[PDB]
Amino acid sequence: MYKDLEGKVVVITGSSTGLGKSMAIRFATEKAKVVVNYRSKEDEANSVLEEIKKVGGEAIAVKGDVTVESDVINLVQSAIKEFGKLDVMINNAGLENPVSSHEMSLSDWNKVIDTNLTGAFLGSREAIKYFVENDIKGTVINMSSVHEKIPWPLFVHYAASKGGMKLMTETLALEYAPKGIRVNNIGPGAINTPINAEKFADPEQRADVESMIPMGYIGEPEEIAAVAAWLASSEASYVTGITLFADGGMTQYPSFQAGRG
């Protein structure tokens, strides 16, 4: 679809599953060279690699924990060593777990902040460092959430990590705009991925979530991958520092439908 993406090198953290996997496949279809990332073992990663080979794409899988600085540095270097350059960096890895805020341990808080926020900072830092030192007008796409805007009781660490990601992205966008480096956030609403498999399995829970989505349906990973592909393309040449919400209307305050209140 986007001719300019052909030959571009794209690195996606946490891309052996869910949204990351869908984006890896979409970029492969756009003929971009993809660097898949897995945390522990390559099993889940090989699934994505075969999907990419199937569409005739080219990709490699690199092990790396985004909370480990040397791993993030190596991830970026691996892309350059294998494909000779880096064009798009997508910080997608993340985690979440529910706990009443006043009962949340420092350990749980740190795990989410370290992975969701600091991990994205490290990925952004390394990609931009490369872009700046080589005069490349690259782009960084950070995977946020409707929760960088919508508060989330029981997930205060997650909400804080994404609210932080928003300001990080806007700051990097302003700071490097003069160099032609674009930095944007994608803000997905409720999407059908493994992180919500069990939750959406229960008919009562699914109905509950769907009631919070004005469009009435839980989005598919491909609908988010579509956003990532467009933002990475030259079609979005004048777009930087924004958060593009793809949430079926979730951020529009679903409780106020029918003129309530």
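From 1 onward, residues are counted along the sequence shown.
Name the higher of the two by mean Cα B-factor in the PDB entry, 93-101 versus 73-81. According to the entry, 73-81 carries the higher average C-alpha B-factor.
Mean temperature factor over C-alpha atoms, higher-scoring stretch between 236-244 and 249-257: Mean CA B-factor is higher for 249-257.
Check the PDB entry and point out which of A225, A207, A28, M215 has the largest C-alpha temperature factor. The C-alpha B-factor peaks, among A225, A207, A28, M215, at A207.
Which third, lowest, middle or highest, does the CA B-factor of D135 fall in along this chain? Its C-alpha B-factor belongs to the highest third of this chain's values.
Name the third of the chain's ranked CA B-factors that contains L231, choosing lowest, middle or highest. Tercile = lowest for this residue's CA B-factor.
Determine, from the deposited record, the chain-internal third of the Cα B-factor for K179: lowest, middle or highest. As the PDB entry reports it, the C-alpha B-factor of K179 lands in the highest third of its chain.
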